[PDB]
Each structure stands twice: as C-alpha cells, then as structure tokens.
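Structure first, commentary second.
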Amino acid sequence: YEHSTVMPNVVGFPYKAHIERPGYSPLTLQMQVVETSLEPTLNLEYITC
Amino acid sequence: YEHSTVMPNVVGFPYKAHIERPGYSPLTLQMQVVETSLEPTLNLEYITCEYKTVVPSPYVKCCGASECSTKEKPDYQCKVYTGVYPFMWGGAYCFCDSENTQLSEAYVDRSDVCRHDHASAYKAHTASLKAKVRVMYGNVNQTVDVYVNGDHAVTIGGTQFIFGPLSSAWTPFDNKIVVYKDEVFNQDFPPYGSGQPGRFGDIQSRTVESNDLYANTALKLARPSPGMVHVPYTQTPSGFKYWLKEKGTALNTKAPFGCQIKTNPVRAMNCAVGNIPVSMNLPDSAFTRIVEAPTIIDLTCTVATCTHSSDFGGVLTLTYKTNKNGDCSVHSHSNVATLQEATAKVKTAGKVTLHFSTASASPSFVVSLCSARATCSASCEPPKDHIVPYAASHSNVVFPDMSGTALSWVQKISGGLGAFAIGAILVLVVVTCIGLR
Amino acid sequence: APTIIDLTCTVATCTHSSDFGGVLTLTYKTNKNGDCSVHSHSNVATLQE
Amino acid sequence: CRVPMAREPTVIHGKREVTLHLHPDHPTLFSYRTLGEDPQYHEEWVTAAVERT
C-alpha cells in the first residue's frame, strides 16, 4: 500500500505520519531524524604546506 | 409455519433469512450454497474415434484372371487390375509374362483401441439443477444435498426445506455438445450417416460396443507400380485427429458466469445465475417465546466506520436498553447491507457491535436487533486496492438512499430551484389575477 | 480494532511552549478495550503520544 | 503421469486490471475468462517471458 508524505528535516522532530487504509484500522507511523550528514564531492586542486 | 424467500445463487454468499412469527421472538436463519452441479439430460447421438485402414494382402491370381468380389464392409473398396507383373523377391512370381490380375482390397474399421480414446457426441436438451446447501439456525450447522426443482423436500432436524425451481433456465450447454475426455465443446456435429472426410465424424459408430461404422472416408485404390506388390491407397487422414488439432477453445474456458465444467457425469458447477426460491415449514419448537426473549428498548444505530469493500468493511454499534442477558437474532431488513453475524449476544450494558458489508456510498437499512428496529445510516468510503482474491459479500446495490450527501446536495439545489419556480408562478398568477378582477 | 463513537475535545490547559505545553482529554464511547492510533490532521498541533 | 507446475506469476494490481509477469521455461498454456456474462475468453501458448495484462 503506497503512501507518500513529507517530513521536516529537523533533527529530533517527532514527525507522525498517519496512514488511513480503508478496510483497515488507521495506523500512526511516527519517525524522526537523528543526524543528517551532507557530504559533498571533492577535487584536490593542490596541497599547501 | 410456512415461510417463502429467495436467495441469490452465488456460491459462498452468506444469506440470512429473517422469519418473524407474531407472538414469538424473531429468528434469523443463515444459509449458503457451497456447490451447484447442473447436469443436462443426454442422448448419445453417436461415437467417433480414429479409424484404421485394414488392407488384406492382395490376391494376385496371375496366369489367370480374378474378379472383383464385392463386399459390404464400411467404405469397402475392391479393385481388379490387369497386365500386372508381380516381382516377389528372388525373381518373377509366376511363369506367365502377362495376362495377370491383382485383387486389391481395403476397407475402413474402428481403431483397435477406442473404448479408451473415443469422443462422444451427445445431444443435450434439458438441464437439471442439484445443489449442496448449508443451513445454520440455532445450532444445527448442517449441510444437505437437494435437487433444485421444487419437489425435493429435505428435513434438517425438524424444519423442512424445499428449494423451488431456479428463477432462470439459462444453460451454458447448447443443443448439441461433444464430450471428448474432459471437455464439453459446443460444436454442431454432422448428423449420423452424413460425416464428411477429413472433418469431425468421418467415422461414426452408433455406440462404443455396437458395429455399424458409417465410414465415408474417400478411401481410393490405385494400380500398383510395375515390378512390385504394394496395394497403394489415398485415404484422407483421420478426421477425428484433425478435430483434436483444430478443436478450438473448449467450453471449459469460455463458459459464462464462471461455470466450472466437469465431464464424467457432464455438468456445470458453481453456475452463478439467477435466484433460488426457498420455502420453509418450521415447527414451533425452533422458535422462542417472546416472554423469554430479552426485550429491547431504545435501539439506536451509530456506524463507527463504513468502507464499502468486497468483504465486511463496515462496523456499526447498537446502543439499546435491555431487561436481562442472553442471545437473539439480528438482521438487516433492507438489502443494501449484509450483516456478518446472525445472532448477537445481548448484555446488560447496552452495547453490541455488528460488522456489515455494503456497496453504496450512503447505505440506509433498518437494522433489527432481537425484536426492535433502528433506521441505520452511514457515510461510506471506497477502498483502495483495485483487487482482492475473494468473491463479493454484498449484493451489488450502489444506488444511495435519500439524505445521502450526494442526494442531499441534489435535494438542496432542486429545493432552491423549485422555490424559484414557485415564486415565479405565484408572481405571474398574481399579475393575471389583478389584471382580470 | 475497537470502535469509537461520540468523540469530543476538551483542552484542560494550553500554553504554547516549545515542549508539549498543551493537554487535551478526549471523551468517547467504545465497545471494548485495546490500543489504537491518535493523530492531529492539522499541523497547528503536534501530539506527543 | 507426472507433470511440472510452472512458476507462479508475479501479479501486479491495477485499476480494474492486472499485469502478469509470466516467466515460463517451456511452452505452457495461459487462459483467462471473465466470469461475468458473455466472457472475454483467451487461450495462448507462452514460449518466453511476457507481460500479459
């Protein structure tokens, strides 16, 4: 059963997705982030010492 | 107590007859068909099986002259040749140089084995229903086999059930059928004694054991090539075999209404067509005295959630006010909803929960708890699966009831529109009145 | 799943603090006992449970 | 007489229709009939992977 939602990218924000499947009891699916590494690609232009 | 009702002829549909005898507590009666064979009466028009060309060794009466000794075997062929010089191994066959005869002969005959590999050609005219039904009232949990014609009367622990004739006489089998091994084709076989070479029934026996064998098969002889003793013939191949290759889509794969086909006692099972009228004679012992059935007051519907899914996708709770504890029947008088349970347990706390299926966005049905009533309503939801592996559990009633949000909006526009029309009519009439008087 | 009927809010006290500074009690009428989901469809509130 | 049971297909649900991922390994049959009224029958010999709807 597909279900698409959007959460706020805020660490420690107790987001609570709520899926309403007709013919079934609605299910609350709580989820939260704990750390979001943002690693960029690099190119070593040169080294200075 | 005579009671007549009609149940849909859909295998696996939990129908629930609700008999209400005045002076007695209402009794529910849930029953459902589990299998419905449909056997048509047959006449064995004839039987066809791969032929076999018997070719007796030629009677080469050389140094003389043989004669065509005609016979009466099926498609018998006898040919007499002249100026023929057999060349049996090791040298000529007789001291003459010419003036010789070969009495070639060949005739058709049923294959050595088609008691095992024949294809009957029955001709079916009249159907005959036969159903296995389960009934659950009080506690009998019994299943019986009945002939659905209105004359078979089955007694199930007291009560007597007679399943009237099927509402519709629809029969998947056409006038003529052809049963080979496990399929029953809706073919149109040629009538006996008129089979054509190559197609179905070039060989036609009246019965598996009988010996008539109308064998029109274009068996034709030809003169042997010089210096050899063959008996050449040019016979169109087994017509029966060609039927096997070009049989087409067997009825098993195109029967309407999902009618599964079986062969040995040729029949169509689980045919979901029409209704089955049911007449029931009940002894008083089955019923329950009113004074003993817990009375119900202040009955009220409140649908917790409705989803018109194929299965029971709606839960309604009834709030009541009883005098004692026990069990008694429940049922939905209307048809837009079908209850799962038949008998619910009533407790001092005025709360009982029932599960119901439906197929309308805004169903409305008079629930009946024990002996009371409550106009029941709901605002239903459509499921999101597009597919389920089980059949329906709700008569396909999709038309909403008045007071539904769909119709309520229609009522609102019409009511406002109607008032506008009335206002114009009144204004025009008043204008006409003052103009006259 | 247990069925719920006659649902109504009543907020004993709401202080829009950073944490869960608002408490609301729901009075209902069920048929049995169990557990099932709770969620606030609107975003102006965020439930803890 | 023994006979194999072919690979079960990978059903894919859809609006009022399915799309089966037939995965045979030798010529098999495949026939679907709409068990309503006046069905839409079908019968074909599948020889390789197909995506019949």
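In the structure tokens, the first chain shown is A, the next is B, and so on; residue numbers restart at 1 for each chain, and ligands run from 1 in the order shown.
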### helix (DSSP H, G or I) call set, DSSP backbone run, region 97-345 of chain B, as number ranges by chain
B: 239-245, 251-253, 256-258, 290-292
Once you have the residues from the selection above, write them out as a compact mmCIF listing (two decimals), in the first residue's frame, restricted to N, CA and C atoms.
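Done, and the output landed in selection-v7.txt:
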```
# COMPACT_ATOMS: atom_id res chain seq x y z
N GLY B 239 -10.09 -38.09 -39.68
CA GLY B 239 -10.87 -36.89 -39.41
C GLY B 239 -10.93 -36.57 -37.93
N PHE B 240 -11.01 -37.61 -37.10
CA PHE B 240 -11.01 -37.40 -35.66
C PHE B 240 -9.74 -36.69 -35.21
N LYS B 241 -8.59 -37.13 -35.72
CA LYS B 241 -7.33 -36.50 -35.32
C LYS B 241 -7.32 -35.02 -35.68
N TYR B 242 -7.78 -34.68 -36.88
CA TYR B 242 -7.83 -33.27 -37.27
C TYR B 242 -8.72 -32.48 -36.33
N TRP B 243 -9.78 -33.10 -35.82
CA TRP B 243 -10.62 -32.42 -34.84
C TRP B 243 -9.83 -32.13 -33.57
N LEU B 244 -8.96 -33.05 -33.16
CA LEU B 244 -8.15 -32.81 -31.97
C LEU B 244 -7.26 -31.59 -32.16
N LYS B 245 -6.67 -31.44 -33.34
CA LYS B 245 -5.77 -30.32 -33.58
C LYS B 245 -6.53 -29.01 -33.69
N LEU B 251 -15.32 -25.50 -24.12
CA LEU B 251 -16.28 -24.79 -23.29
C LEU B 251 -15.75 -24.55 -21.89
N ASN B 252 -14.81 -25.37 -21.42
CA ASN B 252 -14.26 -25.18 -20.08
C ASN B 252 -13.65 -23.80 -19.90
N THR B 253 -13.19 -23.18 -20.99
CA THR B 253 -12.52 -21.89 -20.91
C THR B 253 -13.36 -20.73 -21.42
N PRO B 256 -20.00 -19.01 -19.64
CA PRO B 256 -20.40 -17.77 -18.96
C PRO B 256 -20.64 -17.99 -17.48
N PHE B 257 -20.56 -16.89 -16.73
CA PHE B 257 -20.85 -16.88 -15.30
C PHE B 257 -19.89 -17.75 -14.50
N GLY B 258 -18.70 -17.99 -15.03
CA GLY B 258 -17.71 -18.76 -14.28
C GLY B 258 -18.17 -20.15 -13.92
N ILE B 290 -41.77 -15.05 23.27
CA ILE B 290 -41.47 -13.63 23.48
C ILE B 290 -41.16 -13.36 24.94
N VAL B 291 -41.98 -13.90 25.84
CA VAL B 291 -41.82 -13.62 27.27
C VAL B 291 -40.45 -14.06 27.77
N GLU B 292 -39.78 -14.96 27.05
CA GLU B 292 -38.45 -15.42 27.44
C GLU B 292 -37.33 -14.71 26.70
```
### Query
Got a sec: who's within 7 Å of region 7-12 of chain C, counting only C-alpha atoms, leaving out chain neighbours fewer than 3 positions off, as JSON, numbers by chain?
{"C": [23, 24, 25, 26, 27, 28]}
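Counting only C-alpha atoms, the residue from A:34, A:47, A:42, A:27 that sits nearest to residue 12 (chain A) is A:34.
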As a JSON list (two decimals) with C-alpha atoms, in the first residue's frame, please: every residue in region 236-286 of chain B that DSSP puts in strand (DSSP E or B).
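See part-v2.json below for the written result:
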```
[["chain", "number", "residue", "atom", "x", "y", "z"],
["B", 260, "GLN", "CA", -16.70, -24.81, -13.89],
["B", 261, "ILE", "CA", -17.13, -27.83, -16.17],
["B", 262, "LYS", "CA", -16.76, -31.49, -15.22],
["B", 267, "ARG", "CA", -22.16, -30.97, -15.51],
["B", 268, "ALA", "CA", -21.57, -27.26, -14.94],
["B", 269, "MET", "CA", -20.75, -26.40, -11.33],
["B", 275, "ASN", "CA", -32.12, -16.81, -7.65],
["B", 276, "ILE", "CA", -33.18, -19.90, -5.71],
["B", 277, "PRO", "CA", -36.70, -19.59, -4.22],
["B", 278, "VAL", "CA", -36.87, -21.36, -0.86],
["B", 279, "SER", "CA", -40.00, -22.46, 1.02],
["B", 280, "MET", "CA", -39.67, -23.45, 4.67],
["B", 281, "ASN", "CA", -42.03, -25.24, 7.05]]
```
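Between CA of residue 33 (chain B) and CA of residue 171 (chain B) the separation is 18.6 Å.
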Per-residue nearest contacts chain C to chain A, cut-off 10 Å, using only C-alpha atoms, as CSV:
```
residue,atom,partner,partner_atom,distance
C:1,CA,A:25,CA,6.3
C:2,CA,A:25,CA,9.0
C:3,CA,A:25,CA,9.6
C:36,CA,A:27,CA,7.6
C:37,CA,A:28,CA,5.5
C:38,CA,A:28,CA,6.9
C:39,CA,A:18,CA,6.7
C:40,CA,A:18,CA,8.8
C:41,CA,A:18,CA,8.1
C:46,CA,A:15,CA,8.1
C:47,CA,A:16,CA,8.2
C:48,CA,A:14,CA,7.7
C:49,CA,A:30,CA,9.5
```
What would the file look like if the residues just selected were written as a PDB file, in the first residue's frame with C-alpha atoms?
```pdb
ATOM      1  CA  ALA C   1      -9.909  -2.733  16.228  1.00  0.00           C
ATOM      2  CA  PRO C   2     -12.089  -1.136  18.936  1.00  0.00           C
ATOM      3  CA  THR C   3     -14.788   1.211  17.671  1.00  0.00           C
ATOM      4  CA  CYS C  36      -5.095   2.291  18.519  1.00  0.00           C
ATOM      5  CA  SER C  37      -3.793   5.395  16.823  1.00  0.00           C
ATOM      6  CA  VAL C  38      -4.170   9.094  17.596  1.00  0.00           C
ATOM      7  CA  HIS C  39      -3.083  11.880  15.259  1.00  0.00           C
ATOM      8  CA  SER C  40      -3.776  15.562  14.590  1.00  0.00           C
ATOM      9  CA  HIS C  41      -4.555  16.023  10.903  1.00  0.00           C
ATOM     10  CA  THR C  46       1.773  18.063  17.234  1.00  0.00           C
ATOM     11  CA  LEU C  47       0.799  15.200  19.528  1.00  0.00           C
ATOM     12  CA  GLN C  48       3.352  13.566  21.805  1.00  0.00           C
ATOM     13  CA  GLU C  49       1.639  10.191  22.150  1.00  0.00           C
TER      14      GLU C  49
END
```
